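J.: Chains as they are written, first to last, in the UniProt record's numbering: chain A, 2 to 136; chain B, 2 to 136; chain C, 2 to 136; chain D, 2 to 136; chain E, 50 to 265, 277 to 297, 314 to 522; chain F, 50 to 265, 277 to 297, 314 to 522.
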Amino acid sequence: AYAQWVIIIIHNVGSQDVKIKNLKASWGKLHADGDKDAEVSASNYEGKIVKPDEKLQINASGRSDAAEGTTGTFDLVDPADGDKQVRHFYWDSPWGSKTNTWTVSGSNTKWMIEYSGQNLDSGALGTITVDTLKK
Amino acid sequence: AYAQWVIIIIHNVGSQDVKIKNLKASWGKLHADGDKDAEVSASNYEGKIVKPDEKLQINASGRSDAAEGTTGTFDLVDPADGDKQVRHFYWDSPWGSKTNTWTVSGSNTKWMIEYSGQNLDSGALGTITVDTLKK
Amino acid sequence: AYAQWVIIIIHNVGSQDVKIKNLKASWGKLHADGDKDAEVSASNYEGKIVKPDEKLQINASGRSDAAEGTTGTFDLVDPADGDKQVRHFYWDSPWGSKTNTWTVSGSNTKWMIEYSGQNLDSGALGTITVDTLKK
Amino acid sequence: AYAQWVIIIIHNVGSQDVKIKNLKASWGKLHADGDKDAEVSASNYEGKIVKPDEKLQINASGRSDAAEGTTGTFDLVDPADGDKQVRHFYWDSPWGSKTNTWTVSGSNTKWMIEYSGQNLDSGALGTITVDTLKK
Amino acid sequence: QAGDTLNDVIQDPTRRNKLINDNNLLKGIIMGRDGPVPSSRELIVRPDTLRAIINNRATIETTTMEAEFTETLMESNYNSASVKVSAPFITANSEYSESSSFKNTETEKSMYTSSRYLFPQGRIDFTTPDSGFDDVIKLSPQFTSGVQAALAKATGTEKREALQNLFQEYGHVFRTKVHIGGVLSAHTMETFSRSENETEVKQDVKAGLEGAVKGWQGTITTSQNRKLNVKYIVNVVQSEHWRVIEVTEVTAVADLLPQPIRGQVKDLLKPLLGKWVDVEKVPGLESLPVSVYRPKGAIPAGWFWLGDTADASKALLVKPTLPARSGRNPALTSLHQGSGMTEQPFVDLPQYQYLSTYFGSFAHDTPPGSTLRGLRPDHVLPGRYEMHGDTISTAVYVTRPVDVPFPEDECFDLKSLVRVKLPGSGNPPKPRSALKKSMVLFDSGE
Amino acid sequence: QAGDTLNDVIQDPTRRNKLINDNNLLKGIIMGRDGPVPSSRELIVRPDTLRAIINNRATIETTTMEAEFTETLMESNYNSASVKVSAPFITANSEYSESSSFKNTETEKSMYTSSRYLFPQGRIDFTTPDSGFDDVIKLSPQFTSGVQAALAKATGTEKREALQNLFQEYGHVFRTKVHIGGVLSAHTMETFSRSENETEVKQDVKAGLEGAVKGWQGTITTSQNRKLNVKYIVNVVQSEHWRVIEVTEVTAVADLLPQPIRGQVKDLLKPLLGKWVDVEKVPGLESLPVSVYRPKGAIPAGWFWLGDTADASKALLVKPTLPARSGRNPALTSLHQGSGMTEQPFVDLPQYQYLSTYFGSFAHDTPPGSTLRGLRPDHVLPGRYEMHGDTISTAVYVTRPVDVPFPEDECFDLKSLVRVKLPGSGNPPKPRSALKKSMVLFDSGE
Ligand SMILES: CCCCCCCC/C=C/CCCCCCCC(=O)N[C@@H](COP(=O)(O)OCC[N+](C)(C)C)[C@H](O)/C=C/CCCCCCCCCCCCC
Ligand SMILES: CCCCCCCC/C=C\CCCCCCCC(=O)N[C@@H](COP(=O)(O)OCC[N+](C)(C)C)[C@H](O)/C=C/CCCCCCCCCCCCC
Ligand SMILES: CCCCCCCC/C=C\CCCCCCCC(=O)N[C@@H](COP(=O)(O)OCC[N+](C)(C)C)[C@H](O)/C=C/CCCCCCCCCCCCC
Ligand SMILES: CCCCCCCC/C=C\CCCCCCCC(=O)N[C@@H](COP(=O)(O)OCC[N+](C)(C)C)[C@H](O)/C=C/CCCCCCCCCCCCC
Ligand SMILES: CCCCCCCC/C=C\CCCCCCCC(=O)N[C@@H](COP(=O)(O)OCC[N+](C)(C)C)[C@H](O)/C=C/CCCCCCCCCCCCC
Ligand SMILES: CCCCCCCC/C=C\CCCCCCCC(=O)N[C@@H](COP(=O)(O)OCC[N+](C)(C)C)[C@H](O)/C=C/CCCCCCCCCCCCC
Ligand SMILES: CCCCCCCC/C=C\CCCCCCCC(=O)N[C@@H](COP(=O)(O)OCC[N+](C)(C)C)[C@H](O)/C=C/CCCCCCCCCCCCC
Ligand SMILES: CCCCCCCC/C=C\CCCCCCCC(=O)N[C@@H](COP(=O)(O)OCC[N+](C)(C)C)[C@H](O)/C=C/CCCCCCCCCCCCC
Ligand SMILES: CCCCCCCC/C=C\CCCCCCCC(=O)N[C@@H](COP(=O)(O)OCC[N+](C)(C)C)[C@H](O)/C=C/CCCCCCCCCCCCC
Ligand SMILES: CCCCCCCC/C=C\CCCCCCCC(=O)N[C@@H](COP(=O)(O)OCC[N+](C)(C)C)[C@H](O)/C=C/CCCCCCCCCCCCC
Ligand SMILES: CCCCCCCC/C=C\CCCCCCCC(=O)N[C@@H](COP(=O)(O)OCC[N+](C)(C)C)[C@H](O)/C=C/CCCCCCCCCCCCC
Ligand SMILES: CC(C)CCC[C@@H](C)[C@H]1CC[C@H]2[C@@H]3CC=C4C[C@@H](O)CC[C@]4(C)[C@H]3CC[C@]12C
Ligand SMILES: CC(C)CCC[C@@H](C)[C@H]1CC[C@H]2[C@@H]3CC=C4C[C@@H](O)CC[C@]4(C)[C@H]3CC[C@]12C
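1) I'd like to know whether the C-beta of D/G35 is nearer than 9 Å to at least one C-beta of chain B.
2) Would you tell me roughly how many angstroms separate the C-alpha atoms of E/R508 and E/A374, rounded to the nearest one?
3) Short of 7 Å Cβ to Cβ, which residues in the segment 393–420 of chain E face chain C?
4) Tell me which residues pass a beta-carbon proximity test against ligand 10: closer than 5 Å to any heavy atom, given in chain order.
5) Could you tell me whether the Cβ of F/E484 comes closer than 9 Å to any Cβ of chain E?
6) Can you give me the C-alpha to C-alpha distance between D/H89 and D/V14, rounded to a whole angstrom?
7) For E/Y166, which residues of its own chain have a beta-carbon under 6 Å away from its beta-carbon, when the five flanking residues on both sides are left out?
8) To which residues of the same chain is E/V355 closer than 8 Å at the C-beta, ignoring the five residues directly before and after it?
9) Answer yes or no: does any C-beta atom of chain F fall closer than 9 Å to that of A/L77?
10) For ligand 3, I want to know if B/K99 counts as a neighbour, meaning its beta carbon is within less than 8 Å of at least one of the ligand's heavy atoms.
11) Return the bridge partner residues of F/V232 from the DSSP annotation.
12) Could you please give the first and the last residue of the uninterrupted alpha helix (DSSP H) stretch that includes E/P421?
13) For ligand 8, I want to know if C/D122 counts as a neighbour, meaning its beta carbon is within less than 8 Å of at least one of the ligand's heavy atoms.
14) Please go through the same chain and pick out, in chain order, the residues whose beta-carbon is closer than 6 Å to the beta-carbon of C/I114, but skip the five residues on each side of it.
15) Could you compute how far the alpha carbon of F/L345 sits from the alpha carbon of F/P399?
16) Report yes or no: do the segment 97–107 of chain B and the segment 117–128 of chain B share at least 3 C-beta pairs separated by less than 8 Å?
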């Protein structure tokens, strides 16, 4: 159902490029901004480079009148050192549960990642803003 | 219902104070960060000064199981100009109607307000970041 | 319904001319000053210039006995730089809803716009005065 | 009814002060700016002084689902001349009648008073701006 | 030595000279930033005797002043005439700040009150040259030589700089009548709305302050519940201790010079040089009831214009005479564009004023707004409006001078134009001023 | 003795010399780290007499100051002009530190207040060479010989070091007008939001402090319930116990020298040597409304730049004149990378400031970051912002100098760039400063 949705904003607050890779929604569908009807394939985002000081928005939502949430994953990867992982993000906004999941796993000491705005109690997963910076 | 919720993050990006006023939750309830059970009073925010570079979070949501959604208002006013109104904000995440609503009105010209992150199609209203600055 | 009415007073408080473009009333009609029976075509306001210190009044209202409010838009445009857009004004006083909409969109720092007098609570949208200043 | 409303903006463009007196809403209710629910007392304006270049808003509107318009009187008087009457204003936005009314009377020859913006045909009485100037 | 009066002091050369020295009777006052402090250089030759009268009646005397920068003068017990004579110098040399508590708006009035509990012994009089008597005071040869050296310089600017230094060193006014004895002074200031009965306010403040000094507490409450801040001064402690308690007359130092030199000194002290030029009608503004005229052609380098005028004949251009220097108030001020929602200018320096509102878009970076200037507060006097037009949105005031009988207060009839209602918001306060005729020097070869 | 005034003290050579010695009237004031302490070496030659005026009005006066490092000057009863003249030296020699109780942010303002209960006896004046009168003060031959020796050294650095030692020994300013008598002083500081009515706060603090001194308690409560910490100073106890109670005028010691030597001394004391170089456009940053320029090529060895600028013509390089030494505030400071979530630099030393935000990633170990420097707080003055851009995310400020009429306070128009919204968090405070013109020496062969 469209009641299960998530917006992931990647904001590069540093001065180095960061890449998005392996973006995949196992449940639900990626869609356009402010338009849950305009489905978009993962190819629109996979391999893209956010570039410093600009934001890239990923919109995911459940299938309409479905009883299905939205579950997906993607890796933020550093291209400056042979495409090495920065972090691995996993989001789950299920239709048949209250506990949403937002896991940022992985390790890279050369990068600092903050995130805010998520809601894990009940309902939708909210608009999560993720500030990335290479130090 | 907790399924209907909103977070409002006022970020004073400028260099002068901005004051909250007339905060009022006509439906649902405010609550503390990350806990919809810990209800809070509007007085916890009324008249608060958001110092420059400071961030202030307001979390609202429906009731624990009631068919109500959430709805509220507040104003941003300029403490340094006799509490002249900067903007008037209205938020509504109904339980019955699918479409949400986030409206910013006002005409103060020596202020710049930019809000982003809202969802208007279906489900919870989401997280809304409101960057404020005084020219 | 004549009950749904709005008056927009463009007041050029600056020293440089401003222009009105793309005036279109999707619902209702444009009528003479204080005489709702005297219909007026949008051509009489399309492309007009408000010289500094002038006032231009646009009166819009619904049809006499119809469940039809009045909705419309126009653009304030700068004729000094090849009719570059200054602002986009949209008004809607509906018969079937109790909330009236008055939105000023667009952005260019070369102009300062200050509007006041609107009514969004109920009834007619009211009389709106818009001061424009090239600065 | 809330559909009947009026906003009287007193604007002292002169040098000497002007005082309000005998403010009285025979019908309907006063209220705060932009909020028809927040009723206000006439004492909040009685005897108030509008300093030069200052603006003072008086909002009136009918009661919620009453079938009542909004009617009232007040007077502008000159504090510097023994509270001599400058003008007497009567406003009326009936619910059961289509024709509104806004009449200003008085024969003070050392003041110039100019009012504009009222709507008299049908619907609300609109926003009325009054400019006062002592010669 | 019991029951000695001023006569005993004067008749004794030792005591007379001690009185002269201890009271700085041979020195002028320098109306500086710190107030009326006496100069450290003797201005007149030491007299052989003093003219004096004896007065031993002790009372309380109250005085009120409505001038702006005369607080310190009141604190020194200067009567009305002395404050009137000394006001120009204090105003020119005062320190300006926009946060001044004194207010003289169109609706609010402010006034200083001073109560002196006096213990007089007499009065001492000096004979000025203008009196025409035989015992005039003679200027010291040092001061005369300094004036001669100042006036002998090559360039007018150098002459004016030398004169300014000389008058900063020797003083601006000379006390011609002084009261000897002891005093206890209490001073305060009060601000009230002009609508209030002025006589009642004056009487209430006077009663409160006189009760304060009589009972001699930094705050005094009057019968009308007015909280007044009171500043106290003690000048009382035997003839050895008598001091000047009141000043009944002061004569400008420049007035003590001989006439042929007095004229030159007075002319060189005028802050501005003036000139009359042709004018051109501003294009547009056909809605207004009267035409608006501005200086025609390019403004000559170094000169300035004061504002828009309704006069169709000529306009006044002014040029400062003294180069700008730190610690000295410039005669003119530059203007800057307002913060927002207004096209009108704002004075860069606090307390300054300009005569007319700008009929257009003001931009200090380009002409003719680059050469528009304000005025120092001592240069202007309030005028009177004449309204033209029949609508609030088009009426304009013409600022005509207030007629006076004495030429000392005559003002220029520039017919400055003010706009009755300025569009937008946040506009500057409307000017109601006219330029003094005594501040402008014409026909000079400069 | 009773009834003796300053005239009697000055007439007697023994009493006059005792007054001169006990008050250190022949010595300059070193504005050092410990405050304005008089020098131990006589600066001027002992006069044969003093110019003095008599004044015995005892009263309470109050003064307020907004400058940051003028606490000690206020505690010494320096008027506004003297504090203004002495501020550069105090600041330069002050001991900077974080956690300073003084606050001068864009939201709140801090000020010092001082109330002096004065029992004066008169005022003593000295004649500066610039005055042009015949009784000028004569610098002692030792000071002139020291200056000559300093200016005769082989290298500019040695000359500057010699001058610095000489001015640390003989003082920085000379008191030209001083009041004699006794004084009880109470001093305090208050911080308050800029939104509050400044006049009301000033009046409340003045009333509280005046009451405190008049009733003469380490803490005071005013009418507005403000808690003030008050420091009390006693300088009152016969002509033998008279002391200096107020300084009305000071003159920089350098100004006392002859003009040909005065110019050289003034030039040699300038902290920084300046240079103009070509600029290059920073790659990238196409989103910003305006282009960003940095000094082109490699910075010459030993020179430093001040930040990114919007000027497309030239950039200003600066070089310190005095080698870094313990106990001396350096003219410039290195910058270090921020703690976290920011690429902006932070000043290494407590109270220094840089003029522009860094547009990129700052690394102090590599160029051009390694050659970026801040400025001592005395080198800069507040500027004004000109805004560019339509959205917060990309808007910038260009820092323009505040136009002033006096050339002494002119600041460079470097067009420093400041990012309106710095990404990330924990960024340094936004700079709004402009470099003073008087602190840079150009065209020197150094
Ligand atoms: C044949 C047998 C029939 C009878 C069996 C009963 C069936 C009911 C089912 C069992 C669920 C019971 C949920 C109760 C949640 C309590 C928490 C809560 O919802 N409480 C308030 C305030 O909650 P709040 O949001 O303010 O948070 C503060 C509270 N908190 C706990 C979080 C601290 C909130 O408004 C109120 C919400 C309304 C919920 C009531 C729904 C029950 C309807 C009864 C129908 C009876 C029909 C009978 C016909 C035959
Ligand atoms: C004659 C035989 C009858 C019995 C057979 C039927 C059995 C029904 C079983 C199961 C259905 C339920 C699946 C789950 C819904 C998944 C879609 C969804 O959860 N739907 C949400 C909203 O969906 P969404 O907003 O995302 O839609 C997109 C938005 N858009 C505007 C674009 C459309 C909307 O709240 C949800 C409402 C569902 C409430 C459940 C009530 C149960 C119905 C019992 C009917 C019994 C009839 C008996 C008569 C004799
Ligand atoms: C006496 C007779 C009484 C019974 C009559 C009742 C008829 C039901 C009425 C109308 C319900 C409206 C259904 C939802 C619309 C489909 C839209 C949609 O949700 N379809 C896909 C979403 O696909 P997607 O979101 O990606 O894009 C969509 C395309 N779009 C371009 C628009 C975006 C999504 O998975 C598919 C969901 C499964 C379909 C649910 C069907 C439930 C109806 C069971 C009726 C049983 C009656 C028999 C009882 C005896
Ligand atoms: C006459 C004919 C006889 C009819 C017999 C009735 C058979 C009913 C149909 C078959 C069951 C259908 C369930 C499987 C749906 C497949 C989608 C899915 O699979 N839905 C999950 C996925 O959603 P999820 O939230 O988990 O996504 C998060 C992803 N993650 C990986 C993290 C889990 C989600 O949970 C769970 C949804 C459960 C909704 C079922 C409600 C139906 C109630 C029936 C009432 C009976 C009335 C009888 C009237 C005659
Ligand atoms: C033959 C008799 C038929 C008539 C029976 C009368 C009942 C009429 C219908 C029911 C009331 C109408 C719903 C209004 C309240 C729902 C509020 C809400 O929206 N409820 C959300 C949860 O709210 P929330 O997430 O905030 O609580 C979480 C808090 N927690 C802390 C625990 C996480 C939760 O998903 C939503 C669930 C959907 C509720 C509809 C279920 C339909 C029932 C069909 C079966 C009827 C019996 C059949 C017998 C044969
Ligand atoms: C023998 C049995 C006879 C009796 C059976 C039925 C009795 C019903 C009794 C009780 C009244 C119920 C009203 C309660 C209002 C709650 C407060 C509110 O008011 N709920 C609004 C929230 O509105 P919203 O969330 O959208 O936003 C807020 C407003 N805002 C302006 C901000 C948008 C929203 O509309 C309301 C929606 C609720 C509709 C549920 C309908 C399903 C349940 C009835 C099915 C019965 C089947 C029975 C078969 C046997
Ligand atoms: C068996 C026979 C049944 C016949 C069916 C009739 C049912 C009606 C249903 C349809 C609703 C019609 C909505 C149309 C809105 C018109 C536009 C408007 O909203 N009109 C406003 C004001 O409009 P306006 O101010 O512009 O007019 C002034 C213009 N003028 C220039 C002249 C001044 C005016 O108040 C508002 C009035 C409220 C509507 C009145 C409803 C009448 C009820 C009759 C019940 C009869 C039951 C009989 C059972 C025995
Ligand atoms: C034997 C009986 C046979 C006769 C029965 C036939 C029933 C009539 C059928 C068809 C009605 C269709 C309306 C036609 C106008 C639609 C134009 C419109 O579209 N009207 C929107 C405009 O409103 P709005 O001002 O808000 O839009 C502008 C703002 N916007 C932002 C939206 C652009 C507004 O909602 C709509 C309101 C409609 C008024 C309600 C009338 C009640 C109808 C029941 C009459 C009952 C009679 C009883 C007899 C026994
Ligand atoms: C056999 C016995 C039967 C007896 C029949 C009794 C009927 C009496 C007749 C009628 C008079 C009663 C109307 C008085 C209106 C005064 C209130 C008002 O004019 N009301 C507005 C103003 O509403 P407002 O916006 O100002 O409220 C604030 C909004 N807020 C959101 C904040 C609440 C509101 O809009 C819209 C009003 C339009 C109402 C249409 C007319 C009523 C329809 C009657 C249907 C009768 C069918 C008869 C079947 C038998
Ligand atoms: C068997 C079927 C029976 C059907 C039941 C029908 C019940 C009616 C339903 C719903 C009405 C909805 C009113 C809500 C008002 C809101 C408060 C208000 O309108 N109150 C005042 C103004 O108060 P105020 O201006 O100060 O605003 C309030 C401020 N607040 C902060 C609180 C919002 C204002 O005049 C009041 C006007 C009265 C209008 C209602 C009249 C109802 C008449 C029914 C008669 C039924 C007889 C037959 C029964 C068998
Ligand atoms: C078998 C059972 C049948 C029961 C039937 C009983 C009906 C109840 C009787 C009558 C109530 C009368 C309300 C009292 C006035 C309200 C307050 C007021 O005062 N209403 C004025 C306000 O007008 P206004 O706003 O313009 O005043 C401002 C300007 N002014 C200068 C004048 C002050 C305005 O005029 C008056 C308008 C008239 C109201 C029309 C609605 C009446 C509906 C009749 C339904 C009949 C159904 C018949 C079914 C068989
Ligand atoms: C006994 C039966 C046949 C009587 C039927 C009377 C019907 C036709 C009457 C009763 C009330 C009337 C309505 C009352 C008010 C208005 C509002 C006006 O702006 C348009 C006409 C309209 C909408 C009327 C249409 C006709 C109407 C519906
Ligand atoms: C056959 C008998 C019962 C008469 C039926 C009359 C019906 C069809 C009449 C009565 C009132 C009428 C409505 C009155 C007013 C309006 C508003 C207008 O903007 C559109 C038409 C509309 C919505 C009318 C449609 C037709 C209508 C509903």
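In this text, a Cβ means the ideal position worked out from N, Cα and C, and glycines have one as well.
T.: In short:
1) Any Cβ of chain B closer than 9 Å to the Cβ of D/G35 would place that residue at the interface, and such an atom is present.
2) Whole-angstrom Cα-Cα distance: 28 Å.
3) So the close ones are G416, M417, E419.
4) Going by the Cβ distance cut-off, the answer is D/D38, D/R64, D/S65, D/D66, D/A67.
5) Chain E contact via Cβ: present.
6) Whole-angstrom Cα-Cα distance: 18 Å.
7) Only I109, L233, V262 meet the Cβ criterion.
8) Here the set comprises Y369, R370, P371, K372, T385, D387, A388, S389, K390, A391.
9) Chain F, which has no Cβ nearer than 9 Å to the Cβ of A/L77, makes this no.
10) No.
11) Per DSSP, F/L167, F/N295.
12) E/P421 -> not in any alpha helix (DSSP H); beta strand (DSSP E) instead, spanning 421–423.
13) Distances from the CB of C/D122 to the heavy atoms of ligand 8 are all 8 Å or more.
14) Apart from the 5 residues on each side of it in sequence, C/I114 sits with its Cβ closer than 6 Å to the Cβ of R88, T133 in its chain, given in chain order.
15) Distance from the CA of F/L345 to the CA of F/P399, rounded to the nearest whole angstrom, comes to 13 Å.
16) Yes, the segment 97–107 of chain B is in contact with the segment 117–128 of chain B.
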